[PDB]
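Should a chain be cited, it is by its letter among A, B, C, D, E, F, G, H, I, J, K and L, assigned in written order, with residues numbered from 1 in that chain.
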Amino acid sequence: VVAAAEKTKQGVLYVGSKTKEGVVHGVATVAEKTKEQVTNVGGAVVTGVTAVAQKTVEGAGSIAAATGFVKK
Amino acid sequence: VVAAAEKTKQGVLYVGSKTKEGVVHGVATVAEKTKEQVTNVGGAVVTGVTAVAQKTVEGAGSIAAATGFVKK
Amino acid sequence: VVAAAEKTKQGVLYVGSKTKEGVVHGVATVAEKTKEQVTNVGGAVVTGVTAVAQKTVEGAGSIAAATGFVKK
Amino acid sequence: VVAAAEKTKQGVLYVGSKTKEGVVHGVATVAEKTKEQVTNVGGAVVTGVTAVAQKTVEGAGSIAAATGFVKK
Amino acid sequence: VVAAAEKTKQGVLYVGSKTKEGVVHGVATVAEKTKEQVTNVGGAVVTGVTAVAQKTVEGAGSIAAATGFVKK
Amino acid sequence: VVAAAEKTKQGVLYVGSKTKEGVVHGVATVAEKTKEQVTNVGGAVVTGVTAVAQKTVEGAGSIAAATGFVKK
Amino acid sequence: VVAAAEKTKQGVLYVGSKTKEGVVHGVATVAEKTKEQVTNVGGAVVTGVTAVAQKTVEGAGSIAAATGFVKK
Amino acid sequence: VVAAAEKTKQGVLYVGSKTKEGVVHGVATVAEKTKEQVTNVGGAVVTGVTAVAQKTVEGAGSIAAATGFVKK
Amino acid sequence: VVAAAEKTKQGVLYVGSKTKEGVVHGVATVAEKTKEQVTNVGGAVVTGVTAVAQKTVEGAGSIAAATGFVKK
Amino acid sequence: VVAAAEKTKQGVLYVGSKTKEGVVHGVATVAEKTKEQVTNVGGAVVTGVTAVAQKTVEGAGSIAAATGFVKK
Amino acid sequence: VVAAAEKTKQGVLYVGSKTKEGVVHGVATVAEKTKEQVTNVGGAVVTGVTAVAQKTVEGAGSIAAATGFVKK
Amino acid sequence: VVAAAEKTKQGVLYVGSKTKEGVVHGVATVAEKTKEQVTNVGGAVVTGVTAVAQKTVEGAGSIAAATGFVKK
């Protein structure tokens, strides 16, 4: 799990949201009368009504993610 | 789990939200009469009604994340 | 878990929120009559009605996160 | 768990919130008639109605976080 | 758990909040008729109705956090 | 748990809060008829109705925090 | 315009209304840049969201109404 | 305009209203830049969200109404 | 305009209103830059959110109303 | 305008109102830059949020009302 | 304008109001830069948030009202 | 204007009001830069937050009211 980023040197961004009665649930877990469960999140969960990503990367960007599940 | 970032050197950002009766639940866990459960979050959970990410990276950016689950 | 950041050298940001009756729950855990549970958060949980991230990184930025779960 | 940051050298930020009856719960735990539970937070939990992060990093920034859970 | 920061050398920030009947709960724990529980916070919990972070890092910044849970 | 910071050398910040009937609870613990519980806080808990952090770091800043929980 | 009523002698009434955001306008008159207008009401105007009339007349009932408009 | 009523001799009434944000306007008149207008009410104007009339007349009832408009 | 009423001799009434943000306007008149207007009310104007009339007349009841408008 | 009433001889009334932020306007008149206007009320104006009339007439009741408007 | 009433001979009334921030205006008149206006009230204006009239008439009741407007 | 009343012979009344921040205006007149106005009240103006009239008339009751307006 190695991440690196380097940068060497030698407009209008409009988001308009007009909603009404917005109900958002990003990560939900409902367990009833069960025995064993695992909710494993290790990446990126984005939830919205107006989910906007403008000009996310304009330089050095590097996201390193890893998940592990071992059950011996 | 190594993260590195270096930078060597030698506009209008508008978000408009006009909502009404907004209910947001980012991370929720509901356990009733169960035995064993694991809610493991190790990444990035973003929840909103107007979730906007403008000009997130313009330089050296590097996010290193890792999760581990061992059950012997 | 090593994080590093170095920087060597040799506009209008508007967010407008006009809501009414906003109910927000970031991290919630509901346990009733259960036996064993683990709520493990080790990353980044962002919850809002108007969740805006403008110009987050413009220099040296590096977030290193790690989670571990061992059950022998 | 090592974090480092160094910087060597040789606008309008508006947030407008006009809400009414805002109820916020950042981190909540509800335990009724259970036996064992663990609420482990070791990262970053942000909760709001108008959660704005403007110009978070413009220099040397590095957040190192780690969590550990061992049950032998 | 080592944190370091060094800096060597050789605008308008407006937040406007106009709310009414705001109820905020940052960290809450409700235990009724249970046996064992642990609420462990070791990172950063931010809760608000208008949670604004403007120009957080402009120099040397490095936050090192770690949590440990051992149950033999 | 080592923290270091050094700095060697050789605007308008407005927050406006106009609320009414604001109830804030930062850290609360409710224990009824339980046996054992631990509320361990060792990081940073920020709670407010208008929680604003403007120009937090502009020099050498480094916060080192650590928590330990051992139950043999 | 003569009304008369005489009476000589020798259960469950349930109304259930569960609405949300109800806007009612019984008698409205909108005049803009006009010359002459007449709004003459002399009968019976009933306006509602749940307009219920149960067991209105069980005895002597007699409603006598009259309207007149003369323009010589 | 004569009204008379005589009476010679020789249960559960439930109304349930559960609303939210109810706006009621019984008699309204809007005049802008006009010359002449007449709003004449002489009968019975009933306006509501839950307008219930239960067992209005069980005896001698007689409503005599009259309106007149003369313009010579 | 003669009204008469004579009477010669020889349960549960429940109203339940549970509202929120109720705005009521019974009789309103808006005049702007006009010349002549007449608002004549001579009957019965009833305005409400929960307008209930239970068992209004059980005996001798007689309402005599009259309006007159002469413009020579 | 003659009213007469004679009477010769030889339960639970529950009203429940639970509101919040109730604004009531019975009789309102708005005049701006006009010349002539007349607001004539001579009947019965009832305005409320929970306007209840239970068992209004059980005996001799007679309301005689009259209005007059002469403009020669 | 004659009113007469004669009577010759030979329970639980509950009103429950639980409000919050109640603003009531019975009779209001707003005059700005006008010339002539008349607000004539001669009947019965009832304004409230919980306007209840229980068992108003059980005997001899007779209300005689009259209004007059002459403009020669 | 004659009123007469004669009577010849040969329970629990509960009102419960629990309000908060109640503003009441019975009769109001606002005059600004006008010329002529008349506010004539000759009937009955009732204004309240909990306006209750229980058992108003159980005997001889007769209210005689009259208003006059002459402008030659």
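Here are a few things to note about the model shown:
Criterion: contacts are C-beta pairs under 8 Å (C-beta built on N, C-alpha and C of every residue); 3 or more make two chains touch, one makes a residue touch a chain.
Following the contact convention of this document, no chain is adjacent to both chain D and chain H. By number of C-beta pairs in contact, J-K leads when C-E and J-K are compared.
Averaged C-alpha coordinates put the centre of chain A at 60 Å from the centre of chain H.
Chain I and chain L, compared by their mean Cα positions, are separated by 15 Å. Across the assembly, chain D contributes residues 1-72 that each touch 2 or more other chains.
Contact residues of chain B toward chain D in the complex are 1, 3, 5, 26, 41-42, 48, 59. By the touch rule above, chain K contacts chain J in their complex via residues 1-72.
By the touch criterion stated above, chain C contacts chain A in their complex at residues 43, 47, 51, 57, 62, 64, 66-67.
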